[PDB]
Trainee: 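Have a look at this one before I ask anything.
Naming: A, B, ... by sequence-line order, numbering from 1 per chain. Computation of the quantities below employed the complete heavy-atom set of this structure, encompassing side-chain atoms and omitting hydrogens, waters and symmetry-equivalent molecules.
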Amino acid sequence: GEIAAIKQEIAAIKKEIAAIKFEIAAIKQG
Amino acid sequence: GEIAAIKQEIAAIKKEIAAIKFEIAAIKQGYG
Amino acid sequence: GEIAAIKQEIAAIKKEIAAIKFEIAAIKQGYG
């Protein structure tokens with residue numbers, strides 16, 4: 001259960017990193 | 001132990017992500 | 001190997017975050 005939750009958190013963080021990289025690229029366009 | 005250390009790392013990472021998102025919010029509003 | 005894989009994921013995330021923090025500094029930087 002603890003392991004399931006930690007892996008879920010890792011996936012959510014990677015999801016945010018992906019989101020961040022797209023935001024940064026949009027800012028650079030300009 | 002091992003699992004505990006992994007949780008501290010994940011917790012510190014989450015703070016860094018929150019700071020980055022806010023910085024990005026600030027930049028898009030002309031505060032950076 | 002499974003727990004080592006989780007530790008690799010964490011080290012990779014840390015490298016991505018440091019690179020992001022550099023990119024944000026570069027977006028912000030002026031001639032100061």
Trainee: Side chains of residues 10-18 of chain C: which donor-acceptor pairs under 3.5 Å do they make with residues two or more places apart or in other chains?
Mentor:
{"from": "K14(C)", "atom 1": "NZ", "to": "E9(B)", "atom 2": "OE2", "distance (Å)": "3.3"}
{"from": "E16(C)", "atom 1": "OE2", "to": "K21(A)", "atom 2": "NZ", "distance (Å)": "2.9"}

Trainee: If the condition is salt bridge (charged side-chain N to carboxylate O under 4.0 Å, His left out), which residues does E2(C) pass it with, not counting sequence neighbours?
Mentor: none
Trainee: Distance-only check: which donor-acceptor pairs under 3.5 Å involve side-chain atoms of residues 24-32 of chain B, not counting sequence neighbours?
Mentor:
{"from": "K28(B)", "atom 1": "NZ", "to": "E23(A)", "atom 2": "OE1", "distance (Å)": "2.8"}

Trainee: Could you see if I6(B) belongs to whatever hydrophobic cluster contains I3(A)? Use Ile, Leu, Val, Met, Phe, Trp, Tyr and a side-chain cutoff under 4.5 Å.
Mentor: no
